[PDB]
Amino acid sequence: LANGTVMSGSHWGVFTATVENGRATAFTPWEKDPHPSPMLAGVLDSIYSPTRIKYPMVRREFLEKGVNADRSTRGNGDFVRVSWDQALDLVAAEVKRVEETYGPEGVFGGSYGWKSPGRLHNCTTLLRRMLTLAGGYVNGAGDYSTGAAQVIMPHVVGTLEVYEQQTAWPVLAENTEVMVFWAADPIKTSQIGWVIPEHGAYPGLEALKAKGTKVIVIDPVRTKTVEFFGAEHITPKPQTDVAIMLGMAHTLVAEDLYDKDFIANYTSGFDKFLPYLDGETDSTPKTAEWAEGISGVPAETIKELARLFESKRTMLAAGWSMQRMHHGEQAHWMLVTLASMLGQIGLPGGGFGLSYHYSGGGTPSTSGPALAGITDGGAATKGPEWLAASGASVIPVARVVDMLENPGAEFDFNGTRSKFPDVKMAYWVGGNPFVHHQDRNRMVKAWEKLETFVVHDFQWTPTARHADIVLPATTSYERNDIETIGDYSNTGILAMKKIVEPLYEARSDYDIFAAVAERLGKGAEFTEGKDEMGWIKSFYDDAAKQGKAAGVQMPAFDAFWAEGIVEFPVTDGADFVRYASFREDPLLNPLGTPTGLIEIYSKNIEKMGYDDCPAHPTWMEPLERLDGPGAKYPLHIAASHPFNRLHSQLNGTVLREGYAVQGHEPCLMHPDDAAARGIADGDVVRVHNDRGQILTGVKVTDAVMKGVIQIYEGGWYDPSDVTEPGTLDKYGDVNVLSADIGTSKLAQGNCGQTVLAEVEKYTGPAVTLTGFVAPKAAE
């Protein structure tokens, strides 16, 4: 048995594992990581925890009746252990049956999910590689993060904007005077990366504090970001930020302070927005006093902030929770409109940034080459012969349940109309839709429309519990791979070396799909005749050839593997100022919009005629909001990202002990809201609305503003009885309470943070938690 140390990486960072007698016993952070995540211990534990999936399993009802199975019992845990050969034959037969019977429109292969980093063991791309060989599939478009903002931004500034490099951190330290974190908690959200994180925001935040820059945080919760800077903290009722921005803009116009020259030379449509702002069109001037009535933030505070932003070099760093809500397109559109009025876009340290809280945006980029990985093969094919009838080949990701309930119905998306395909099978790997998707009770019923649901994972998540066929995948730690360090920085390339042998009967997703492709008669097409190290070397060699041409020297493959990492030099990346070339010469460097300027009024959007996405930023009432006219429930749930999980990842580990309250997901509640209900710190409470009911454990704190409770997304749904409509969730999955609706007809994004509910002390029968131990038959 092996004894020694091995370096690898993950969504949480680079680390060194200690291995004793073939078992990983500790993960120690990379010595060069400026701010390791405390979650690393849970990553190690996830390899061995009680919910690790040991063997391939098939749901008993599905095994016995196939398409005639009772589908209401999915999730009850009645599984049968089968051999790998039996499972692979069945998965291949089902994929082929569905493709032959229903066509490519019958298979949903969007499989949204965060999976694990790695250029070879990319489970969702490998899934689509196999489904391409099987005949095709329906895919998903966009994501759950910036579903609204990524669609409105191309109409406003010309590009996606949310996933683009930001003005460098060092430029902010030397030039910014006022830093605003609007709906962003960078200390919490910068712990992880899509590719391996370099944790570059932490040194950046520390430099701002050492310089004494004024920091303002606009968030309903007193976060660690507020505490680290001792920031001025503004707490709006959730979903009212657009009203606040309009009050600020109105103030700038009324006091004649705004930058008329910036507006005249770099924007289009401000003259069509002015009448709305002044209330000529609806008899309602959008003053600071009007904004106070909706948001609860004092009118004078709104005015003083507006004046301060106009007189100092200000950076508006906005997060994405405020666009993960009804009419979410308006939030960043109005932010850019306000930023345009301030006139600092393109100046060092001024303007706005939509990725300072995510994956190190702002960390100086290196001059290194880009690393490529395995593909789905789609770009060198001739896929399905598709056409309306049979439905669209792609749907916005959050419309997956609408699709299942309404096959053949039309839907709007960014100016086009399409039809939902009639899906009969879904194959999900590296994702947890039974935690990440909204309105769990609606979804549970809608899933009965699928004949077959196949899942690969290494943990017994609610999604794996609901599958017809469950196959145990390996973790990154049981295989080899290669990946970039730094989504924006491109700090280097890491060898993700194998640490331990595969546990139990787990297999890589690559091996699983290669075996399914073999049963479809397409084995060589899937593998390309390469094995694990052959694939990895080919990606490295391609990057090295690209680096060579650019003047960046890289070692030969075996020398790189022996060192375990290669780092690239920073040349001019530390001086990057976003929008500087546009500001310098807008005629020579125009934006990719119809006019070449920032579009405050969009003629393109006006022509779509969508009632829920007007042609300029507009305040509209959402489905439900805190203190809204005729609102039924009294508390808004800040259903935001977890501090000590990456979504659902790591819920079934030792880390849960540190935050669970009587075994349930924690619920933060203000003292006054707790006192009114006779709730004490530590009590188990039932949180409910018209869509569902869940149990959580309360922590009383004035960190949340009055009227708001915090229940993070990611809790593992643990239904009392799967056959009972609206059954109580015993653990605390906040998506049992959210609504499943589109942000608007423009983007069709999810509204995961548009949620109101009531809370009462739970006095019902004692409940037993069953989500953190494997199903009995799977032991």
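Residue indices: 1-based, along the sequence shown.
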### Message
Could you find out if residue 386 - modelled in this structure - is missing from at least a third of the other PDB entries compared that contain residues on either side?
### Response
yes
Looking only at C-alpha temperature factors in the entry, 659-667 or 569-577, the higher average sits in 569-577
Going by the entry, of stretches 579-587 and 488-496 the one with greater average Cα B-factor is 579-587
Among 329, 468, 410, 511, the highest C-alpha B-factor in the PDB entry belongs to 410
Looking only at 141, 639, 297, 524, the Cα with the top B-factor belongs to 524
Chain thirds by Cα B factor, record data; residue 719 belongs to the middle
Residue 746: CA B-factor among chain residues, third -> middle
Among the modelled residues of its chain, the C-alpha B-factor of residue 699 falls in the third labelled highest
Chain-relative C-alpha B factor for residue 755 (record values, thirds): the middle
Chain-relative C-alpha B factor for residue 390 (record values, thirds): the highest
